[PDB]
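**Q** Let me begin by handing over the structure; questions about it come next.
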Amino acid sequence: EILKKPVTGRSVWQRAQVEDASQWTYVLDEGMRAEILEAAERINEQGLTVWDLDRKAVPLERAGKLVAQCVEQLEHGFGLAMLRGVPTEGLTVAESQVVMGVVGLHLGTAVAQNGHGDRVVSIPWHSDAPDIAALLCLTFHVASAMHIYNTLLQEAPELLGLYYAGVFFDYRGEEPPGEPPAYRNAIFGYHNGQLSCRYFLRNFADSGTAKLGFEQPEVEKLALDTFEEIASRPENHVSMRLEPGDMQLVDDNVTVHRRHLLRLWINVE
Amino acid sequence: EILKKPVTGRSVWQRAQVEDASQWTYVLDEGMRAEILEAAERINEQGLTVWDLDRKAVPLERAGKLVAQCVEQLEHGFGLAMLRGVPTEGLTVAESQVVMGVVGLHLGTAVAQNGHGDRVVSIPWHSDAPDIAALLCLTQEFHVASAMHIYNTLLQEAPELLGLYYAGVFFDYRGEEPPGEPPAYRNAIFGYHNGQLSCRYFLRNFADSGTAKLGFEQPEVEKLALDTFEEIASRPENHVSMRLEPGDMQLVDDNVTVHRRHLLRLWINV
Ligand SMILES: [Mg+2]
Ligand SMILES: [Mg+2]
């Protein structure tokens, strides 16, 4: 159940292997921009909600190609990918939300980000719940969690089990009745032959344990701090700047990240 | 803070190093037995309570030295010791309790074992809260293992679990939780401070009970850790077994050992 030997694959990397962003940057050309804008326009003219639609309903012959490349890079490649030239210039926030929804349909299934069920949100090392997190600039650091696992295997293997146990995170009030405020979420998991990671926002961890009325064990804080320290080493993360129209995508299974923008949460079903 | 090299010392052993019980067994002779009986008689005659007394008040000129070797064996040696010939023959349960109290005064301070504050109790691998657990047979298999050796074995076979033990698990309060707190409290299984590794492996049923009360499901890796601990302890080469005869008082040091089963039980802090 616990991986005792180094993880391998395209998602295991340091900064040197991904510094050349051309390996994972995907640029929308004028045709693709036009197709996406046209799709959003037709969704708006028919009074549809892009979140209720699927990809068959909004085909993108040429752009769907590129977004599919992105998905490939995210789920089977480095884990991160940038889609440039998202046609947001001159659009209102809501219109941009629709255009991002259009692109999102070709990423996977958009999921709720809060209690209000929002599928776009206007805006410490972490990786959120869904498979893919997307961030579009209207007007950023990434590291490999797999490499972090290998580094822990080298430097502090006695801590590995802790990550598999995970820590308590605040429910924020959405717990089903008759269960505690904070749920236990594993940081590392090994199932089916694959290692995956989630490193939720720590403070909600603190919030959650507080709500449970417990102090964090020191060894747990050591584990967390060690994780974040490994991610914070200059050789372990890549950094970038988004310009308007840039949509940065990270795969939360294998990476962790840190920072007007809009955010989308996507599960790959 | 986490020990990454094998523990060394007397308290590190397998069954082979402790199989010969003559290395840890201490025998009370007639003089010592008479001494203990006389102290008990005096305590009962004078209507005193042995649990409120102290080691000076009940001196044992010959027996105290032997009991002192028992203590040294427990805290600095193997971590187990048998005291034989405790004079319980022909005594009532209460009288036997007083005699045990007399011996206990030279072990350390007896502590409460339940909510009523009983300091003698009539009768999974575990080690109880106090420094020393004592078990005297009145009428008539006890197994002991080294927690230090178990730690070394974990270092070899499953070091990736070590941190979990340092985090410890939740154990049911049993209801004595200060009204403010959650029914269950977190207890570390291994600790390393001041150059010394120590262990407590509280009753597992209370771990499950305790997490249950909290409305949580034990993580699989946690049950793996617990099961691994106990499996290592349960290996034939890793534990020693004995049978108590009347007058035999087995003492285990809960800092460095774990153990498994009319007897009376005493809890002692040093
Ligand atoms: Mg984020
Ligand atoms: Mg016991």
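The residue numbers of chain B are those assigned by Swiss-Prot, with the residues present covering 3-125, 148-164, 170-290, 306-314 sequentially.
Per the header: X-ray crystallography, 2.3 Å.
Keep in mind that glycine also has a Cβ here, set from the backbone N, Cα and C atoms.
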**Q** Pick from B:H268, B:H288: which one does Swiss-Prot list with B:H150, B:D152 for the same Fe(2+) site?
**A** B:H288
**Q** Among the binding-site residues B:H150, B:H288, which residue has the fewest other Cβ atoms within 10 Å of its own Cβ?
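**A** Looking at the binding-site residues B:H150, B:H288, the Cβ with the fewest others within 10 Å is that of B:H150.
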**Q** Enumerate same-chain residues with a sequence separation of six or more from B:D152 (Fe(2+) binding site) and a Cβ-Cβ distance below 8 A; give 'none' if the list is empty.
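**A** Set apart from B:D152 (Fe(2+) binding site) by at least 6 residues yet with Cβ under 8 Å, we have B:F231, B:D283, B:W311.
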**Q** Within 8 Å of the centroid of the Cβ atoms of B:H150, B:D152, B:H288, which other residues of that chain place their own Cβ, given that this set defines the recorded Fe(2+) site?
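**A** What remains near the Cβ centre is B:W149, B:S151, B:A157, B:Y230, B:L232, B:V281, B:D283, B:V287, B:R289.
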**Q** Let me know the whole-Å distance spanning the Cα atoms of B:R290 and B:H306; 15 residues are not modelled in that stretch.
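**A** The answer is 13 Å, taken between the two Cα atoms.
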**Q** Could you find out if DSSP has B:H288 (Fe(2+) binding site) as helix, strand or coil?
**A** strand
**Q** Before the 22 missing residues sits B:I125, after them B:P148; how far apart are their C-alpha atoms, in Å?
**A** 16
**Q** Where 5 intervening residues lack coordinates, what is the integer distance in angstrom between the Cα of B:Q164 and that of B:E170?
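**A** What separates the two Cα atoms is a distance of 11 Å.
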